[PDB]
Protein chains: 4
Amino acid sequence: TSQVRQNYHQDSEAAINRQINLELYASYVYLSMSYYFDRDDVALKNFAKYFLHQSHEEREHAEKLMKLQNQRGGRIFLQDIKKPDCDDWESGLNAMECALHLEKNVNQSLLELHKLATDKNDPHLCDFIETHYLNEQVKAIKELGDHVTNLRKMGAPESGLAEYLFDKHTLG
Amino acid sequence: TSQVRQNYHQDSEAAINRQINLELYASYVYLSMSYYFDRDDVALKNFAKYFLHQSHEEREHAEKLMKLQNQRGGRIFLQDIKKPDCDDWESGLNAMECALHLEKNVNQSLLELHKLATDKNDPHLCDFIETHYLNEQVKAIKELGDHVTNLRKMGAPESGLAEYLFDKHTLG
Amino acid sequence: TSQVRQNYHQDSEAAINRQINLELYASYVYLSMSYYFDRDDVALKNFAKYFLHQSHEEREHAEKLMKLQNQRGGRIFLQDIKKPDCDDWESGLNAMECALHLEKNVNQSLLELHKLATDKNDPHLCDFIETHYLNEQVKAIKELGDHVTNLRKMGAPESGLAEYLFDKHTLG
Amino acid sequence: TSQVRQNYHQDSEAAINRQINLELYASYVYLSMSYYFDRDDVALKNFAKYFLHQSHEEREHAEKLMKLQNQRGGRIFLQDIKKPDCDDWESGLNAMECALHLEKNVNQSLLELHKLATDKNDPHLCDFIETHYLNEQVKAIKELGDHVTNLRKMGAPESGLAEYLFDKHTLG
Ligand SMILES: CCCCn1cc[n+](C)c1
Ligand SMILES: CCCCn1cc[n+](C)c1
Ligand SMILES: CCCCn1cc[n+](C)c1
Ligand SMILES: CCCCn1cc[n+](C)c1
Ligand SMILES: [Au+]
Ligand SMILES: [Au+]
Ligand SMILES: [Au+]
Ligand SMILES: [Au+]
Ligand SMILES: [Au+]
Ligand SMILES: [Au+]
Ligand SMILES: [Au+]
Ligand SMILES: [Au+]
Ligand SMILES: [Au+]
Ligand SMILES: [Au+]
Ligand SMILES: [Au+]
Ligand SMILES: [Au+]
Ligand SMILES: [Au+]
Ligand SMILES: [Au+]
Ligand SMILES: [Au+]
Ligand SMILES: [Au+]
């Protein structure tokens with residue numbers, strides 16, 4: 001037992017490890033998306049930059065979870081990072097919809113983690129999740145919903161002009 | 001009777017109170033409009049900012065009227081601020097048309113107030129209305145008419161691209 | 001159903017709309033108070049400034065709640081803003097006591113909202129209320145209690161000198 | 001007839017000369033008041049400064065009227081400046097009340113002048129009076145009413161402490 005461990009349940013430790021893996025997977029998905037839009041036959045530079053930024057942010061979230069694991073005296077156990085389900089994301093609108101789905105999945109995982117922490121009476125872990133993750137997820141989901149709405153209204157994905165102008169004016 | 005009151009008719013005092021209520025109502029309408037465009041399924045940020053600015057300006061106008069009431073020795077009597085007639089404003093173009101209607105209604109109220117002040121031989125009140133309200137209303141009405149004209153020409157509300165580009169280039 | 005909505009109960013949405021209306025009502029009450037002290041027969045400028053600042057702060061709180069409603073995929077429904085119960089607030093001390101009562105009422109509403117959010121297992125909403133509203137209310141209530149205590153000790157409301165000096169030294 | 005005169009009625013010219021005399025008289029009254037509070041047995045320096053400032057402002061108003069008279073091609077005819085009715089103003093509160101009376105008298109004269117200008121269809125003169133005199137009078141009357149209210153509430157004129165503290169905190 002760690003000399004620092006106090007009020008840290010084994011279930012919480014396992015759930016934190018699972019969340020670390022999920023965040024790394026999300027970072028990988030965003031990396032794939034970013035370099036899809038860097039292809040010469042897609043060529044939407046600002047979409048690529050947006051998704052690369054999201055990938056790096058996901059990596060930061062995973063690293064913060066690992067730091068938390070060590071702070072509380074838990075032990076990090078890493079697992080395979082599965083490859084993204086898709087190789088070709090087919091458009092800016094489709095990529096935004098996939099990102100919205102992914103962010104809502106991550107949010108659901110975080111909500112389950114918070115429920116577990118509440119059940120184990122771990123106020124520090126609950127506060128950590130609330131302060132560093134829940135509002136970030138809400139903001140990300142709202143932003144992605146806004147992007148999807150605007151792309152749909154502009155006529156994407158059929159109108160390539162819509163995605164070009166969205167890339168220039170919203171993501172630029 | 002107030003120690004400062006001079007050449008201030010009771011009818012003018014009542015009309016000023018009515019105008020205060022009308023300005024507060026206009027502020028409320030603009031607030032509703034602003035947060036309609038903040039919805040995830042509307043998502044026109046610059047429309048939202050424009051209407052929030054208009055809401056705050058209307059509040060400032062109401063406060064200036066209250067200051068005038070106290071300056072002349074009248075007594076402020078506040079009333080319920082009625083909720084806006086609409087919950088869903090349905091588009092940028094429709095919201096601009098509604099704002100044009102509202103601003104013309106406020107202008108008509110101000111013109112009636114000026115007529116009352118003229119009939120009561122209250123040059124200070126006439127000058128107050130002329131200096132602080134009439135040209136502001138004319139400018140606001142002209143600007144809203146310009147916005148409506150441009151949105152109609154661009155193809156709004158059917159073309160969501162038109163409203164997106166108007167949001168970026170005119171209101172941005 | 002909104003594309004962004006997740007773990008947001010209908011009861012929470014309704015309670016948020018009620019809280020929006022309550023905050024707007026509080027802003028209206030503070031506006032009335034502020035322009036009572038601007039009267040020529042009251043003439044306590046710093047009381048007026050204090051209550052005007054409180055009114056604007058209440059408006060900001062209402063707008064933050066509306067932003068939250070949109071973030072979570074709820075839909076804002078506005079209602080009439082009822083006029084303040086009083087037209088004449090009768091003194092600085094009486095106005096401070098009324099403000100204390102109002103702030104405690106708003107705090108009770110926020111506590112009920114937090115209880116509802118806890119019952120619906122909405123950690124994001126609980127954290128929102130805790131972070132942005134609860135401590136602000138505690139601080140406001142403490143400040144108003146301090147003001148009431150000092151005004152009472154100085155001999156208000158009977159001693160107009162007490163209210164004049166409190167206006168100059170505490171609120172100035 | 002002056003080479004510049006146009007749409008300037010003789011009645012308006014005479015009324016302007018009367019207003020010049022009234023403004024000079026008001027300046028004289030304020031000068032008397034100012035040096036009453038400079039007496040060693042009164043000794044309220046900030047009251048003296050306040051009334052000296054008012055005296056100089058009245059002189060400026062008279063000079064602006066003379067400039068207007070020359071601009072429109074009228075001819076200035078000066079008259080005796082009568083001495084103030086009082087040599088001893090008896091207190092700060094009494095002086096403020098006398099100043100309020102004087103400012104309301106000047107305002108009534110200006111309103112009669114504006115009525116005359118309106119009857120003679122002299123829009124330039126009406127605008128001159130509105131822009132440079134009417135709101136200044138309203139503000140001065142409101143300020144003097146505020147001062148009287150505060151001095152009365154503090155316990156003046158019986159409480160010399162009230163006038164001392166008003167001199168320090170309001171007029172200082
Ligand atoms: C597997 C998640 C699919 C999300 N989604 C919805 C619509 N689109 C184009 C993608
Ligand atoms: C009640 C005021 C209606 C104004 N108006 C005109 C056209 N549109 C779309 C709105
Ligand atoms: C209706 C709330 C009344 C609060 N209250 C208490 C004492 N005073 C002067 C006011
Ligand atoms: C001749 C004008 C008198 C004005 N007045 C009213 C009360 N006090 C003390 C002075
Ligand atoms: Au796939
Ligand atoms: Au896919
Ligand atoms: Au997907
Ligand atoms: Au997808
Ligand atoms: Au409607
Ligand atoms: Au409507
Ligand atoms: Au409308
Ligand atoms: Au409309
Ligand atoms: Au009441
Ligand atoms: Au009350
Ligand atoms: Au009350
Ligand atoms: Au009260
Ligand atoms: Au006298
Ligand atoms: Au006198
Ligand atoms: Au007098
Ligand atoms: Au007097």
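Cβ atoms come from the backbone with ideal geometry, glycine included; neighbour counts cover every protein chain shown. We did not get these values from a lab; they are worked out from the coordinates using the rules stated.
Give the residue that is nearest to C:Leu93 (Cα to Cα), with candidates limited to residues of the range C:1-41 that are within 14 Å of chain D (Cβ to nearest Cβ) and out of contact with any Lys or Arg (no Cβ under 8 Å at 6 or more places or on another chain).
C:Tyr36
Taking A:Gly73 as the residue in question, decide whether it is more than 16 Å from ligand 17 (Cβ to nearest atom) and surrounded by fewer than 19 Cβ atoms within 10 Å (Cβ to Cβ).
It is true that A:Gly73 is more than 16 Å from ligand 17 (Cβ to nearest atom) and surrounded by fewer than 19 Cβ atoms within 10 Å (Cβ to Cβ).
May I ask you to say which residue of C:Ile76, C:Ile141, C:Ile81 is under 17 Å from the mean Cα position of the chain (by Cα), farther than 26 Å from D:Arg152 by Cα, away from ligand 3 (no atom under 16 Å from the Cβ) and β-branched (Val, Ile, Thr)?
C:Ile81
Give me the residue from the range C:45-78 that is facing another protein chain (nearest Cβ under 9 Å) and without any contact (Cβ under 8 Å) to a residue 24 or more places away in the chain and, out of that set, farthest from B:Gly74 (Cα to Cα).
C:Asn70
Need the failing condition index for A:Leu93 against (1) within 16 Å of ligand 8 (Cβ to nearest atom); (2) out of contact with any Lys or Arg (no Cβ under 8 Å at 6 or more places or on another chain), just the number.
A:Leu93 satisfies every listed condition except (2).
Please go through the range C:144-172 and give me each residue that is of a type outside the set (S, T, N, Q), more than 23 Å from the chain's Cα centre (by Cα) and not in a helix (DSSP H, G or I), ordered by number.
C:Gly155, C:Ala156, C:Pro157, C:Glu158
What pairs come up if the first residue lies in the range B:1-28 and is without any contact (Cβ under 8 Å) to a residue 40 or more places away in the chain and buried (at least 18 other Cβ atoms within 10 Å of the Cβ), the second is assigned to a helix (DSSP H, G or I) and of a type outside the set (A, V, I, L, M, F, W, C), and their beta carbons are under 9 Å apart, counting only those six or more places apart or on different chains?
Listed by first residue and then by second, the contacts come to B:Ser27/B:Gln54; B:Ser27/B:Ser55; B:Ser27/B:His56; B:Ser27/B:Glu57; B:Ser27/B:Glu58; B:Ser27/B:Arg59; B:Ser27/B:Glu60; B:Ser27/B:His61.
If you check A:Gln69, A:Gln54, which single one turns out to be touching a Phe, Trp or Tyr at 6+ places or on another chain (Cβ under 6 Å), more than 16 Å from ligand 19 (Cβ to nearest atom) and among the polar types (S, T, N, Q)?
Checking each option against the conditions leaves just A:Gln54.
Can you go through A:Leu100, A:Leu110, A:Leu125 and tell me which one is within 14 Å of chain B (Cβ to nearest Cβ), among the hydrophobic types (A, V, I, L, M, F, W, C), more than 16 Å from ligand 4 (Cβ to nearest atom) and part of a helix (DSSP H, G or I)? Working first, answer last.
Details: A:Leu110 fails: within 14 Å of chain B (Cβ to nearest Cβ); A:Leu125 fails: within 14 Å of chain B (Cβ to nearest Cβ).
Exactly one residue qualifies, and that residue is A:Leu100.
Residue by residue through the range C:108-136, note down the ones that are of a type in the set (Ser, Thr, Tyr) and either touching a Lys or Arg at 6+ places or on another chain (Cβ under 8 Å) or free of Cβ contacts under 8 Å to residues at least 60 places away in the same chain (or both). I'd like the intermediate steps shown before the answer.
Within the range C:108-136, the first condition is being of a type in the set (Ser, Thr, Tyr), and the residues that meet it are C:109, C:118, C:131, C:133.
Within the range C:108-136, C:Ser109, C:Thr118, C:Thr131 qualify.
Could you figure out which of (1) surrounded by 17 or more Cβ atoms within 10 Å (Cβ to Cβ); (2) within 16 Å of ligand 5 (Cβ to nearest atom); (3) not acidic (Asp, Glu) isn't true of A:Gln137?
(2)
With respect to the numbered conditions (1) free of Cβ contacts under 8 Å to residues at least 40 places away in the same chain; (2) surrounded by fewer than 23 Cβ atoms within 10 Å (Cβ to Cβ), which one is the sole condition not fulfilled by B:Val42?
In the conditions (1) free of Cβ contacts under 8 Å to residues at least 40 places away in the same chain; (2) surrounded by fewer than 23 Cβ atoms within 10 Å (Cβ to Cβ), B:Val42 misses (2) alone.
Report yes if D:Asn21 is under 17 Å from the mean Cα position of the chain (by Cα) and of a type in the set (S, T, N, Q), otherwise no.
Yes, satisfied.
Within 14 Å of chain C (Cβ to nearest Cβ) and of a type in the set (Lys, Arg): is that true of D:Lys120 in this structure? Walk me through it before giving the result.
Working: within 14 Å of chain C (Cβ to nearest Cβ): no; of a type in the set (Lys, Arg): yes.
Against the criterion (within 14 Å of chain C (Cβ to nearest Cβ) and of a type in the set (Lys, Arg)), D:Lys120 does not qualify.
Please work out if B:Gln108 is of a type in the set (S, T, N, Q), more than 16 Å from ligand 8 (Cβ to nearest atom) and either buried (at least 18 other Cβ atoms within 10 Å of the Cβ) or over 18 Å from B:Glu143 (Cα atoms) (or both).
It is false that B:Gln108 is of a type in the set (S, T, N, Q), more than 16 Å from ligand 8 (Cβ to nearest atom) and either buried (at least 18 other Cβ atoms within 10 Å of the Cβ) or over 18 Å from B:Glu143 (Cα atoms) (or both).
Give me a count of the residues in the range B:80-97 that are aliphatic (A, V, I, L, M) and at the interface with another protein chain (Cβ under 8 Å from one of its Cβ atoms).
1
How many residues are of a type outside the set (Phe, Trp, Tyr) and part of a helix (DSSP H, G or I) when one looks only at the range B:46-92?
24
Return the pair list, or none, for Cβ contacts closer than 7 Å from residues in the range B:88-107 that are hydrophobic (A, V, I, L, M, F, W, C) to residues that are not in a helix (DSSP H, G or I), at least 6 apart or on different chains.
Here the result reads B:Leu93/B:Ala156; B:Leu93/B:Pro157; B:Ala95/B:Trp89; B:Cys98/B:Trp89, each pair linking the range B:88-107 to a residue that is not in a helix (DSSP H, G or I).
Looking at the range B:84-96 only, could you name the residues that are within 14 Å of the chain's Cα centre (by Cα) and either buried (at least 20 other Cβ atoms within 10 Å of the Cβ) or of a type in the set (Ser, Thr, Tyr) (or both)?
Passing the criteria: B:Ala95, B:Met96.
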